[PDB]
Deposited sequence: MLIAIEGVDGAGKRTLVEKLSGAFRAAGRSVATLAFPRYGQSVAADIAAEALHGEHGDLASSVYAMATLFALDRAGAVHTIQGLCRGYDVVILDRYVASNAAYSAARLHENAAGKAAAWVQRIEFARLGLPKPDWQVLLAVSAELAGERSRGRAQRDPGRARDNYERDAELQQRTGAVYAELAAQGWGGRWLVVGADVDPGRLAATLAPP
């Protein structure tokens, strides 16, 4: 099974990934995890981060250019992902393709039915061949650029409501990981 944990910066995704990992292992399931972006490994990722800090000229001024970089990072891990899916009962990704759809649409003031979110699916899933996750879990919290972070949180909820890329669950800060694992497990 392939699961992506999503949410805005500060939501506490990593804590949820660890909680869930423990829950799955307590249920007798092997688990592997991977986090995106792969800063320090993927040059496309590193350039994107650097661009967010003002390097690389006008790069960060293009939503679609930034999206393309994070897509190339994930696409570089496509075989690692498929490997882990063969080797483990459950694979948990701390961010995945929906991160690109939510941040891109939020930046363009589009909704989850808009052009950027559709483009992300065509490029990452169809073109670059990334596997669709069995489940996408949105961690939605009251609080972790604030206006943008809040709008991204909302677009994320819209992706969950529409079933963008597959089935989702929306969870809060105090979700019971034992219960959540039983829900996610086939």
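The deposited sequence has C-alpha coordinates everywhere except the stretches 145-167, 210.
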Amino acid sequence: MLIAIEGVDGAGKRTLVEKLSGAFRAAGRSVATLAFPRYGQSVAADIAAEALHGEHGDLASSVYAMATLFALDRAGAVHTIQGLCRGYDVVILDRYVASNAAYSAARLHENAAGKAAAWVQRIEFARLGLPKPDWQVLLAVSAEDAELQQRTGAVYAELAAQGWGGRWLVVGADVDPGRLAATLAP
From here on, numbers count along this sequence of modelled residues.
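Comparing the deposited coordinates for 154-162 and 122-130, the stretch with the larger average C-alpha B-factor is 122-130. When the two stretches 132-140 and 48-56 are set side by side, the higher mean Cα temperature factor goes to 48-56.
In the PDB entry, residue 1 places in the highest third of its chain by CA B-factor. Per the PDB record, residue ranking by Cα B-factor puts residue 170 in the lowest third of the chain.
For residue 11, the recorded CA B-factor ranks within the highest third of the chain. Only modelled residues enter the ranking. When all modelled residues of the chain are sorted by CA temperature factor, residue 116 is found within the middle third. When all modelled residues of the chain are sorted by CA temperature factor, residue 68 is found within the lowest third.
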